[PDB]
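Only one chain is given next, in structure tokens, and it is the form deposited in one PDB entry.
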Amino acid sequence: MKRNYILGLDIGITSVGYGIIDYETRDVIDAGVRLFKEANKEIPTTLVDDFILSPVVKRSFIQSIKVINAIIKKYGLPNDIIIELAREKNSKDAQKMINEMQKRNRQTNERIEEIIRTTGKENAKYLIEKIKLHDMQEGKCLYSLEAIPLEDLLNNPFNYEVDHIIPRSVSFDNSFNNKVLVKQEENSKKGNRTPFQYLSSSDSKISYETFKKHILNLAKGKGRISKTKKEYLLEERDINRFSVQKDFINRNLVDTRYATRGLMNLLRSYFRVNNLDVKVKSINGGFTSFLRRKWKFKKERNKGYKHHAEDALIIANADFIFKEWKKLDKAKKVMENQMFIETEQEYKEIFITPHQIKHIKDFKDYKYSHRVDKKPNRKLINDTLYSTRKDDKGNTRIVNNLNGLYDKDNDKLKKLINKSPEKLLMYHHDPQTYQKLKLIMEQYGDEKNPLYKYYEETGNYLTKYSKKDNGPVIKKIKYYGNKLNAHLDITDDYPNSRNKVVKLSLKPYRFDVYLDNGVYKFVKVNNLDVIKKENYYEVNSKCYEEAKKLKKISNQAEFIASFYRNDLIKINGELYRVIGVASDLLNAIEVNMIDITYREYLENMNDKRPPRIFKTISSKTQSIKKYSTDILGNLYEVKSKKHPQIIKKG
């Protein structure tokens, strides 16, 4: 559209958030998320292949580019793009960082618990950050070097103040590493100067040399200070030099990782070459979280995928602040990589926005675009082998095995004997050993595992029945499991095998829905049913026609649609995304929600249902419709081809 806008992006391991806002008013236009599985005319994706990355990151940059290309074609060229690459590099690194963060959140809260016991005051817990700075400094304000009593901080919270080591106006750093607990008078005297500049002036109580020695002694050994904090405390360069300010801006505002640099270089190159006035920027992972604390907007990653989108809208509003405030013009220019604030109150006033955050938080019309997998899954089948047997009723059944019979907490056999004694093969074939086992289960019924007590009390494993007491130990028990339906037969690998040798869990490729005289019906196509040829896969025709016959699908039945993983389905007027075929036999298909994983939907509600949706396709089913989202999450109601596909060249 004619209207001019900003594009936020929150790039992640599995996701690319986007957020679109009016360049004049800062009202929300649009927002959504593009979701994908972690890789364990318009902007091309071949440039990502040029410069070397982790696979996990490499996928996201390809996905991001296609989301930018889709926004450009819909809304036209943005005025400003601004990007946030997630802190993590892969999911393991993410989890490690979350664990490290959680460990720190434990380390902070454990210090609170000890002091509120000792002192016995309530305003302590409100004073979150002033407590931890007392730990770092070893009980002394660093500018003066005089002692802080612990209760004196609680008695006089005014007479001490959290100071920024390097003025926030120059560094843009609000991190704990740029913070120090100091006396109120010392803060007032320092002003907008570094410790070096202040302690070199006539206003200071102590010499810089004394201070420097203290910091260096504080750095090594126990009660340690971070490298970044140490560097800030010992910053000697002229704050007022542009080169020095540039360094602070680059450290705090501009993200400094090889990937993030690589990405913005890709994008800026593209716009530069084609002569398109687009201002690509980036912001530091931490910085967004400051704005969330500032604007009272608790990061809830459990509040669906929208968190990625509502991160992008935040990132996009930061861009508005780095355009409307002439005092940030230097910072703006640094962030745009273009060739070339006096008080704390002034700094704080620049970033006050109460209004448009209500728009962001109360915004509703989000969109989601899950990516669809149509590659036959290398995993064909569970590799476990099962023997089979025909039971009393003449049903072929899977043979399972009970292992770990003599374990403390194993109730599998006790459950099975009480419910289904006829499920044991030994029930039919070794009655004398069966009767011998039943006497044990009756003897030590009260425990989880009767056999554990048999081993504990007597000190002897259970042996097969024998006339001379020389039968072998029993270490596994075979029992009849599932009725045998869809299986793979591998018995010709075992010459003269008495019983049939099989594998199970025929991993679905897709399911094809048919409308047959007003009744909705479907066929499952297995990965086994798909066979690699020269440069293509082929669905097996004979297995397919046999499958229709078990489902009683007529020759004059209309095909409706094929549904792969993450394909969208509207069942009785309710839209979902497909996982797969829960049960061919029962005619069930596994779906999920679109805006949130159904697990998380239930957790935010505090509901204790199973976290899976299953939808039965039946005489009761009234309409089935296929939908498809574009890469932005705009929804479309879509038809099918006349017949199902057989060959798959991709």
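Residue numbers run from 1 along the displayed sequence. Rigid core (definition): largest C-alpha set, two forms, superposition within 1.5 Å.
Another form, the form deposited in another entry, is not on view; read the next lines as being about it.
Can you tell which of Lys205, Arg293, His428, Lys125 moves its Cα by 2 Å or more between the shown form and the other one, with the two forms laid on the rigid core? Spelled out, the residue whose C-alpha shifts by 2 Å or more is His428.
CA of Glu146, rigid core aligned, shift of 2 Å or more between the shown form and the other one: The answer is no, as the C-alpha of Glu146 shifts between the shown form and the other one by less than 2 Å after core alignment.
Hey, does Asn449 budge by 2 Å or more at the Cα between the shown form and the other one once the core is superposed? Comparing forms between the shown form and the other one, the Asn449 CA shifts at least 2 Å.
Look at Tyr465 and decide if its Cα position differs by 2 Å or more between the shown form and the other one after superposing on the rigid core. Indeed, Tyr465 is displaced by 2 Å or more.
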